[PDB]
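Colleague: So that we are looking at the same thing, I have put the structure below in structure tokens.
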Amino acid sequence: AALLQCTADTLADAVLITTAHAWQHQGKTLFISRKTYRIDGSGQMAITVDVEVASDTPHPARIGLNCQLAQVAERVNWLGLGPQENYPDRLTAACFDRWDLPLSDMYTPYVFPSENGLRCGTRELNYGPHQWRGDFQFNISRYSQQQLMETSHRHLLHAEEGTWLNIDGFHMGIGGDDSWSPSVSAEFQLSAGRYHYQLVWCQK
Amino acid sequence: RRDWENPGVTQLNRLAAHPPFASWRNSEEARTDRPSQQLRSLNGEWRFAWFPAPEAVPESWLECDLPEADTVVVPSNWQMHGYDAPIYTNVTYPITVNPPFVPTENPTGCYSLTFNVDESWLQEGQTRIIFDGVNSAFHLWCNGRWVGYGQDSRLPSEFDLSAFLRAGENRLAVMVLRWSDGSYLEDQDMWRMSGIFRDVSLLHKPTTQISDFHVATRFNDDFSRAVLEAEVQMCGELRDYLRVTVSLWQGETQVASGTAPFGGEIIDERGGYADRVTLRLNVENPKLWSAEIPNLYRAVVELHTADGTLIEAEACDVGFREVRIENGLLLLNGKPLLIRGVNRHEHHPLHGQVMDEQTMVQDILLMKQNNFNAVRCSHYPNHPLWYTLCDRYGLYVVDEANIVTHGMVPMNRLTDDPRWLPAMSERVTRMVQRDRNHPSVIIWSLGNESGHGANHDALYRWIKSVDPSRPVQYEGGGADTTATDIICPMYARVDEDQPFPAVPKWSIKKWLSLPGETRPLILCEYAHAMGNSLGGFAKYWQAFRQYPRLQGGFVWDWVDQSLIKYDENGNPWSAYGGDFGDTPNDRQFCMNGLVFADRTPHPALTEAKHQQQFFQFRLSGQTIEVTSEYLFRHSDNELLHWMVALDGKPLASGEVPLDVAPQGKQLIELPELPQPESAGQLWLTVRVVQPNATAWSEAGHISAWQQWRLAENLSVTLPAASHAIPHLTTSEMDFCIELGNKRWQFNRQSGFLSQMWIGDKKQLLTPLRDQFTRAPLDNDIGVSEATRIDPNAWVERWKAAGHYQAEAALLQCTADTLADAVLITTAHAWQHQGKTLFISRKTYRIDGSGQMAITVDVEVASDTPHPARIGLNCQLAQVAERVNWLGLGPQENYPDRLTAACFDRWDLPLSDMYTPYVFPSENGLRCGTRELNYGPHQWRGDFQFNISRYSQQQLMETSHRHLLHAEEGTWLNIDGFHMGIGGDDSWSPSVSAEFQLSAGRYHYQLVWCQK
Ligand SMILES: [Mg+2]
Ligand SMILES: [Mg+2]
Ligand SMILES: [Mg+2]
Ligand SMILES: [Mg+2]
Ligand SMILES: [Mg+2]
Ligand code: NA
Ligand code: NA
Ligand code: NA
Ligand code: NA
């Protein structure tokens, strides 16, 4: 991330933070992320994300935000597709409803660890005191994306301090027509070039 | 007798059908196809009189010319001279359905002609009259004496006149009836006209004559050897001294000749045909015929005495080619065809249904210029000259019998009736007898929309038995019956089933592989080009190519069937169904063409051209793979221009010669392109150019193109620190922003930007507002009308959901002064009868540079029919001359119809940004636009737009294009998202799901600034 812009403004009843980021590798700009943060009198933080993706870059696996929470809560409650893990090209079984599960169920113990535990079409997510609102896809676990890609076996995974949250506006399909070549169908590739999603973070 | 109300009398004293005759008496004139002294044209000025009924015709008209009569041009349709009204009806018969009866009020056209006959014609041989086209039935008198009667409006009627004509002055009397039992088989979707609309001629033949001749070509496995087989038939006295010589010419070189006496082989127990002969000529390594290369030979047929007295000579152009269906594929010369076709009606805006050479040539030039290789004779035998032209220029023809009974209930009521078999058979047999020698004709058709009846089966078999060379197709009764060799549905979609009871229209991909099915699929009708249509066209051509047994289709259709009418000032305008007082009528449904009546292209024509390309392309790094879809020819008049440009600005370009074998490939290696510093998207564009002129195209013609995105540099550099800070002024009614000479005004009661100032001048006549609706296209309306509403159609769904009259309730309107800008934030709800349809949340940011950054975020209810568009509109006060944009162009394009469009810096005059569809609708959109310049204004973002002097309201409120008045200023429509146009058909929802605005939540952002 290379910072392009970071401003603060004062609205009648809110503070407005505008940010711009570029992702560069070998002088090539891969992704541009433009954000606004609107914390209003209700204590709610409206985050608006606008992302550009270089057309001559391979289409990204995801477009979202991530952070490691200090919190470790016992339950995960959400309004969206579930109750089980679901992905863009594998979400027909899942039903839109209110789901509540213990945190461990939000992780899928694939012997060879990878990205897992995602749920799509989620409008509201609850974890400890936190609430996230919008139209997003999420996973939530004690394992980082970094630990998962570096660990070869599920039993070699250690629970990290706090909780890792991945909230995506857009997640690439998983595929599987076979497992030895690219099999994610075109309509499930993140190729639109310009992506927008908006989140609300608040407390309850 | 009332022969015009009897399906048992289809003619009286009519001569037999045959291929085109000229009765040459010099063999070199036959060979060269030069004019014949024995074939005279009777085209010209005739005397005409109109009557309400045959009963009304005065007995004296047979013996003497009428004083009331007027002098008219023939051929013609008497409707075009204004004698009665041309009727447009789609399905329903223009008369009361009571076979075989027609109204007692039957518009009767009385044509006559006083003409001269040379003594020489009457001293010897036979003198006949040929009426190429008379609509729909007629009696003929000559010098007062009755000659005969004839039906079938689309094939020549011929009568022997020797015993009737005297030296010098003679008089014809042709009483033509508008309606007859023939009309029951003539229910095509077209204008209902009448009269002598094709050529009239006089042919002198010797007594001992050529009465028929069939030409056939058969081939060895690899087509390097052929046997030309010509069967010749005679009339008159059979004598031992008679011979036939069939010679075969290639330009001036005679490649084969055969001479035999009369008397064919033994056929059965009673012998053979002593009045016939079959000549068989061997032809080594023959030049083959195709629409790709229309190689032709000339076959001269000489009837002569053995001792060398030529009695007469007939002739034709021969195309050595073979059509067969093998293993489920249609093959021309051993190669599977890909039918890039169109349905063509014989139509002229001024002349109606009279065809002329100039027009016919113009059509063929244009068709071939737009990558068409085939044409369907919808729905009748055509003018004789058409087949000759297709032979020479190169087009695969589907020749179709004049049998259409669409308005019967059920559709096969006549065609299942054995009492209607005689009348039907003549429409099939006399077609075959006339056109079977033409190489361009590759497929026979039994008619159109007459269901499936046992008469279709009998006739199918008849053609299979008579002519083994050509497949017989027919669509009626399910498009896959026992009456057709090819699955030929009309308006079957690519992936979507339309499973009607008894006659389902299956997905063309699904259809091919139904249990037990093997035959090839070529749609006789597809892609209904009505008004703003042809959306989803690429879907067809992706499928055609992927699937071997999907061998193409025939677009519906070629030309808009609009007719010229004149106003109080004498100004011409394009008219349709109902405009001639004609009723019942199916309004604008007569206009479904890729070209207007005057042959001006619709924007869809370019979409057809791009898809029907004969060269396919792929990209991999710096290598362009060019793939030829030609079956027989090399790329011998082709090179490849290539262009790399950074957002409109040319970077590098070159030419590489195309050298691709048929079905072959060429790898063209691009030179290492130096990449630029400044940000933007690099765009490669390739064009196939023909350096040399052809019979059909001029030098520099572009036959193909393609585009790719190359490298992209996303802009990471921000604008400079602003030289000022814009001021806000607050009122109860208004928020007002001021900076330099620029001024913005937002109305606080409405919540919209209501005025803008550059310098001191106004910029708006109508406030900048959200718009979720469009002036409905023909595909939006379907068959719906005021009297008969079709609730399933898009326009009615929008109407009923309240989209067109929903009013904006303001929810939020605030102003905040930032450190370098002013921020206007708004929210609106669109409601109808207590239902919220749309919410539009906006932010307008105006900083110290003078730029306005608009951010729109729209919510659409899930249970409301998907909106036509999601965008903004306003009426600018400015009227500029030019429109300049960076986006898809140059022509009109829409989401489901934009493949032909290329991304570049385009610059057009304002008038070109409006498509004058005879029935006005949403038009002239350009998609994927990143920057738009109009006068002092610039809009930047990722949007779709149209810009014209006509409002969406005016467009949807006006029925004809000529009634459109330019409004004050310029109506600008900028959408973030636009619905597909559809067009798989024009009578039911046809916009594909992926092009429907159904995401629920939409986002778009525009920057409005002065350039
Ligand atoms: Mg489901
Ligand atoms: Mg009759
Ligand atoms: Mg000779
Ligand atoms: Mg009507
Ligand atoms: Mg392409
Ligand atoms: Na791993
Ligand atoms: Na094919
Ligand atoms: Na039509
Ligand atoms: Na209209």
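In the structure tokens, chains take letters A, B, ... by order of appearance, with residues numbered from 1 within each chain and ligands from 1 in the order shown.
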Go through chain A and collect every residue that DSSP, computed from the backbone, puts in alpha helix (DSSP H); the answer should be as a list in words.

Modeller: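 Answer for chain A, restricted to alpha helix (DSSP H): residues 145, 146, 147, 148, 149 and 150 of chain A.
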
Colleague: Residues at most 7 Å from ligand 6, using only C-alpha atoms and all ligand atoms? Could they come as a list in words?

Modeller: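 Residues satisfying the distance criterion: residues 112, 113, 114, 148, 149, 150, 151 and 152 of chain A.
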
Colleague: I need the residues from that last selection saved to file as a PDB file, in the first residue's frame (with N, CA and C atoms), if you can.

Modeller:
```pdb
ATOM      1  N   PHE A 112      -5.547 -30.104   4.061  1.00  0.00           N
ATOM      2  CA  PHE A 112      -4.674 -29.080   3.505  1.00  0.00           C
ATOM      3  C   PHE A 112      -5.367 -27.727   3.659  1.00  0.00           C
ATOM      4  N   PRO A 113      -4.895 -26.898   4.611  1.00  0.00           N
ATOM      5  CA  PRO A 113      -5.557 -25.635   4.927  1.00  0.00           C
ATOM      6  C   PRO A 113      -5.526 -24.655   3.765  1.00  0.00           C
ATOM      7  N   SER A 114      -6.601 -23.885   3.633  1.00  0.00           N
ATOM      8  CA  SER A 114      -6.698 -22.828   2.638  1.00  0.00           C
ATOM      9  C   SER A 114      -7.746 -21.817   3.090  1.00  0.00           C
ATOM     10  N   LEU A 148      -2.659 -19.888   7.118  1.00  0.00           N
ATOM     11  CA  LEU A 148      -3.304 -20.901   6.283  1.00  0.00           C
ATOM     12  C   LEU A 148      -2.508 -21.235   5.021  1.00  0.00           C
ATOM     13  N   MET A 149      -1.970 -20.219   4.351  1.00  0.00           N
ATOM     14  CA  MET A 149      -1.178 -20.453   3.142  1.00  0.00           C
ATOM     15  C   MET A 149       0.233 -21.007   3.405  1.00  0.00           C
ATOM     16  N   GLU A 150       0.679 -20.968   4.659  1.00  0.00           N
ATOM     17  CA  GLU A 150       2.024 -21.432   5.018  1.00  0.00           C
ATOM     18  C   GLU A 150       2.014 -22.780   5.735  1.00  0.00           C
ATOM     19  N   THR A 151       0.823 -23.229   6.109  1.00  0.00           N
ATOM     20  CA  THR A 151       0.660 -24.482   6.828  1.00  0.00           C
ATOM     21  C   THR A 151       0.115 -25.545   5.875  1.00  0.00           C
ATOM     22  N   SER A 152       0.745 -26.718   5.891  1.00  0.00           N
ATOM     23  CA  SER A 152       0.442 -27.784   4.941  1.00  0.00           C
ATOM     24  C   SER A 152      -0.618 -28.745   5.464  1.00  0.00           C
TER      25      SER A 152
END
```

Colleague: Compile the residues of chain A that lie within 8 Å of chain B, evaluated using only C-alpha atoms, and express the compilation as a list in words.

Modeller: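 Applying the cut-off to the listed atoms yields residues 4, 9, 10, 11, 12, 22, 28, 29, 32, 52, 54, 55, 56 and 196 of chain A.
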
Colleague: Could those selected residues go to a file with N, CA and C atoms, as a compact mmCIF listing (two decimals), in the first residue's frame?

Modeller:
```txt
# COMPACT_ATOMS: atom_id res chain seq x y z
N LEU A 4 -1.84 7.75 -1.25
CA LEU A 4 -1.96 8.84 -2.21
C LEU A 4 -2.62 10.05 -1.57
N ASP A 9 -12.35 15.84 7.36
CA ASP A 9 -13.30 16.94 7.26
C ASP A 9 -14.32 16.86 8.39
N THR A 10 -14.93 18.00 8.70
CA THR A 10 -15.95 18.06 9.72
C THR A 10 -17.29 18.44 9.08
N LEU A 11 -18.24 17.52 9.14
CA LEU A 11 -19.61 17.76 8.68
C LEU A 11 -20.45 18.24 9.85
N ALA A 12 -21.63 18.79 9.55
CA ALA A 12 -22.56 19.29 10.57
C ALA A 12 -22.71 18.34 11.76
N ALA A 22 -2.65 3.02 -3.44
CA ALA A 22 -2.24 2.28 -4.63
C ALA A 22 -1.42 1.05 -4.21
N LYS A 28 4.46 -1.26 -11.31
CA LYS A 28 3.12 -1.48 -11.84
C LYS A 28 2.08 -1.30 -10.75
N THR A 29 1.09 -0.44 -11.00
CA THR A 29 -0.03 -0.28 -10.08
C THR A 29 -1.05 -1.38 -10.33
N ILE A 32 -6.06 0.15 -7.01
CA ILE A 32 -6.28 1.45 -6.36
C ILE A 32 -7.53 1.37 -5.48
N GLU A 52 -10.22 0.25 -8.06
CA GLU A 52 -9.86 0.00 -9.45
C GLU A 52 -8.93 -1.21 -9.51
N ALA A 54 -6.32 -3.07 -12.27
CA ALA A 54 -5.62 -3.01 -13.56
C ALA A 54 -6.08 -4.15 -14.47
N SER A 55 -6.50 -3.80 -15.68
CA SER A 55 -7.08 -4.75 -16.63
C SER A 55 -6.12 -5.87 -17.04
N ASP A 56 -4.83 -5.55 -17.08
CA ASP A 56 -3.80 -6.50 -17.47
C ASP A 56 -3.17 -7.21 -16.27
N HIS A 196 -17.27 -1.48 -6.20
CA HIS A 196 -17.79 -0.66 -5.11
C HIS A 196 -18.53 -1.51 -4.10
```

Colleague: Give as a ChimeraX atom specification the residues surrounding ligand 5 up to a distance of 10 Å, considering only C-alpha atoms and all ligand atoms.

Modeller: /B:616-619,705-709,899-900,902

Colleague: Given the selection you just returned, output its residues as a file containing N, CA, C and O atoms, formatted as a PDB file, in the first residue's frame.

Modeller:
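Written file, out.pdb:
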```
ATOM      1  N   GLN B 616     -11.507 -15.195 -37.714  1.00  0.00           N
ATOM      2  CA  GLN B 616     -11.534 -15.166 -36.261  1.00  0.00           C
ATOM      3  C   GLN B 616     -10.151 -14.831 -35.724  1.00  0.00           C
ATOM      4  O   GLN B 616      -9.132 -15.147 -36.346  1.00  0.00           O
ATOM      5  N   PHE B 617     -10.121 -14.180 -34.566  1.00  0.00           N
ATOM      6  CA  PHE B 617      -8.866 -13.722 -33.990  1.00  0.00           C
ATOM      7  C   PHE B 617      -8.730 -14.138 -32.539  1.00  0.00           C
ATOM      8  O   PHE B 617      -9.721 -14.240 -31.815  1.00  0.00           O
ATOM      9  N   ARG B 618      -7.494 -14.384 -32.122  1.00  0.00           N
ATOM     10  CA  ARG B 618      -7.172 -14.539 -30.708  1.00  0.00           C
ATOM     11  C   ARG B 618      -5.879 -13.789 -30.411  1.00  0.00           C
ATOM     12  O   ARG B 618      -5.100 -13.494 -31.320  1.00  0.00           O
ATOM     13  N   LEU B 619      -5.664 -13.468 -29.141  1.00  0.00           N
ATOM     14  CA  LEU B 619      -4.453 -12.773 -28.726  1.00  0.00           C
ATOM     15  C   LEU B 619      -3.696 -13.563 -27.659  1.00  0.00           C
ATOM     16  O   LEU B 619      -4.298 -14.129 -26.743  1.00  0.00           O
ATOM     17  N   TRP B 705     -13.010  -6.860 -38.185  1.00  0.00           N
ATOM     18  CA  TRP B 705     -12.230  -6.195 -37.139  1.00  0.00           C
ATOM     19  C   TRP B 705     -12.290  -6.923 -35.802  1.00  0.00           C
ATOM     20  O   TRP B 705     -13.105  -7.832 -35.613  1.00  0.00           O
ATOM     21  N   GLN B 706     -11.410  -6.513 -34.887  1.00  0.00           N
ATOM     22  CA  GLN B 706     -11.396  -6.999 -33.507  1.00  0.00           C
ATOM     23  C   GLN B 706     -10.583  -6.057 -32.610  1.00  0.00           C
ATOM     24  O   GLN B 706      -9.670  -5.362 -33.083  1.00  0.00           O
ATOM     25  N   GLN B 707     -10.929  -6.035 -31.322  1.00  0.00           N
ATOM     26  CA  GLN B 707     -10.221  -5.232 -30.329  1.00  0.00           C
ATOM     27  C   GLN B 707      -9.806  -6.042 -29.111  1.00  0.00           C
ATOM     28  O   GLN B 707     -10.485  -6.999 -28.731  1.00  0.00           O
ATOM     29  N   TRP B 708      -8.692  -5.647 -28.502  1.00  0.00           N
ATOM     30  CA  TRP B 708      -8.288  -6.170 -27.203  1.00  0.00           C
ATOM     31  C   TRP B 708      -7.759  -5.053 -26.318  1.00  0.00           C
ATOM     32  O   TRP B 708      -7.216  -4.059 -26.808  1.00  0.00           O
ATOM     33  N   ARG B 709      -7.911  -5.236 -25.009  1.00  0.00           N
ATOM     34  CA  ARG B 709      -7.216  -4.415 -24.031  1.00  0.00           C
ATOM     35  C   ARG B 709      -5.805  -4.961 -23.856  1.00  0.00           C
ATOM     36  O   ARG B 709      -5.618  -6.169 -23.678  1.00  0.00           O
ATOM     37  N   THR B 899     -20.848  -5.531 -29.560  1.00  0.00           N
ATOM     38  CA  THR B 899     -19.627  -6.220 -29.993  1.00  0.00           C
ATOM     39  C   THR B 899     -18.970  -5.567 -31.205  1.00  0.00           C
ATOM     40  O   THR B 899     -17.747  -5.602 -31.336  1.00  0.00           O
ATOM     41  N   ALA B 900     -19.778  -4.980 -32.085  1.00  0.00           N
ATOM     42  CA  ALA B 900     -19.266  -4.317 -33.291  1.00  0.00           C
ATOM     43  C   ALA B 900     -18.613  -2.979 -32.968  1.00  0.00           C
ATOM     44  O   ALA B 900     -17.739  -2.512 -33.703  1.00  0.00           O
ATOM     45  N   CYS B 902     -16.216  -0.278 -31.289  1.00  0.00           N
ATOM     46  CA  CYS B 902     -14.833  -0.198 -30.825  1.00  0.00           C
ATOM     47  C   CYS B 902     -14.613   1.004 -29.914  1.00  0.00           C
ATOM     48  O   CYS B 902     -15.199   2.074 -30.112  1.00  0.00           O
TER      49      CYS B 902
END
```

Colleague: Return as a PyMOL selection string the residues of protein, DNA or RNA that approach ligand 9 to within 9 Å, with only C-alpha atoms and all ligand atoms taken into account.

Modeller: chain B and resi 775-778+919-922+953-961

Colleague: Grab the atom CA of residue B:805 to atom CA of residue B:983 distance for me, in Å with one decimal place.

Modeller: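 Atom CA of residue B:983 lies at a distance of 26.5 Å from atom CA of residue B:805.
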
Colleague: Tell me, as a list in words, which residues lie within 7 Å of residue A:103, counting only C-alpha atoms; anything in the same chain fewer than 4 positions away does not count.

Modeller: residues 74, 75, 76 and 141 of chain A

Colleague: Using only C-alpha atoms and all ligand atoms, can you tell me which of B:747, B:938, B:257, B:787 comes closest to ligand 4?

Modeller: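 Ranking B:747, B:938, B:257, B:787 by distance to ligand 4, first place goes to B:787.
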
Colleague: Quick one: residues within 9 Å of stretch 116-131 of chain A, only C-alpha atoms counted, chain neighbours fewer than 4 positions away excluded, as a PyMOL selection string?

Modeller: chain A and resi 71-88+91+94+96+105-110+135-141+166+171+200-204

Colleague: For residue B:43, find every residue with an atom within 8 Å (counting only C-alpha atoms), except residues of its own chain fewer than 2 positions away, and show them as a ChimeraX atom specification.

Modeller: /B:41,45,73-75,199-201

Colleague: Go ahead and write the residues just picked, N, CA, C and O atoms, as a PDB file, in the first residue's frame.

Modeller:
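File selection-v8.pdb, as written:
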```
ATOM      1  N   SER B  41     -39.843  -7.317 -74.791  1.00  0.00           N
ATOM      2  CA  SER B  41     -40.445  -6.806 -73.568  1.00  0.00           C
ATOM      3  C   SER B  41     -41.672  -5.969 -73.906  1.00  0.00           C
ATOM      4  O   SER B  41     -41.616  -5.107 -74.781  1.00  0.00           O
ATOM      5  N   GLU B  45     -45.966   1.784 -71.076  1.00  0.00           N
ATOM      6  CA  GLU B  45     -47.227   2.453 -70.765  1.00  0.00           C
ATOM      7  C   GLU B  45     -48.438   1.661 -71.243  1.00  0.00           C
ATOM      8  O   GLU B  45     -48.543   1.306 -72.416  1.00  0.00           O
ATOM      9  N   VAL B  73     -47.687   3.101 -65.914  1.00  0.00           N
ATOM     10  CA  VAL B  73     -46.467   2.320 -66.098  1.00  0.00           C
ATOM     11  C   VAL B  73     -46.719   0.879 -65.653  1.00  0.00           C
ATOM     12  O   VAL B  73     -47.368   0.644 -64.633  1.00  0.00           O
ATOM     13  N   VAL B  74     -46.223  -0.075 -66.440  1.00  0.00           N
ATOM     14  CA  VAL B  74     -46.294  -1.501 -66.114  1.00  0.00           C
ATOM     15  C   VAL B  74     -44.897  -2.107 -66.331  1.00  0.00           C
ATOM     16  O   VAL B  74     -44.273  -1.850 -67.364  1.00  0.00           O
ATOM     17  N   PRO B  75     -44.393  -2.905 -65.366  1.00  0.00           N
ATOM     18  CA  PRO B  75     -45.034  -3.407 -64.146  1.00  0.00           C
ATOM     19  C   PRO B  75     -45.297  -2.340 -63.093  1.00  0.00           C
ATOM     20  O   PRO B  75     -44.626  -1.306 -63.072  1.00  0.00           O
ATOM     21  N   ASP B 199     -42.505  -8.418 -64.931  1.00  0.00           N
ATOM     22  CA  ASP B 199     -42.296  -8.259 -66.373  1.00  0.00           C
ATOM     23  C   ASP B 199     -43.370  -8.917 -67.235  1.00  0.00           C
ATOM     24  O   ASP B 199     -43.893  -9.981 -66.889  1.00  0.00           O
ATOM     25  N   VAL B 200     -43.693  -8.262 -68.348  1.00  0.00           N
ATOM     26  CA  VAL B 200     -44.508  -8.860 -69.407  1.00  0.00           C
ATOM     27  C   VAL B 200     -43.640  -8.953 -70.666  1.00  0.00           C
ATOM     28  O   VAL B 200     -42.897  -8.018 -70.990  1.00  0.00           O
ATOM     29  N   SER B 201     -43.724 -10.084 -71.360  1.00  0.00           N
ATOM     30  CA  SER B 201     -42.887 -10.321 -72.536  1.00  0.00           C
ATOM     31  C   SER B 201     -43.587 -11.145 -73.619  1.00  0.00           C
ATOM     32  O   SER B 201     -44.567 -11.842 -73.343  1.00  0.00           O
TER      33      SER B 201
END
```
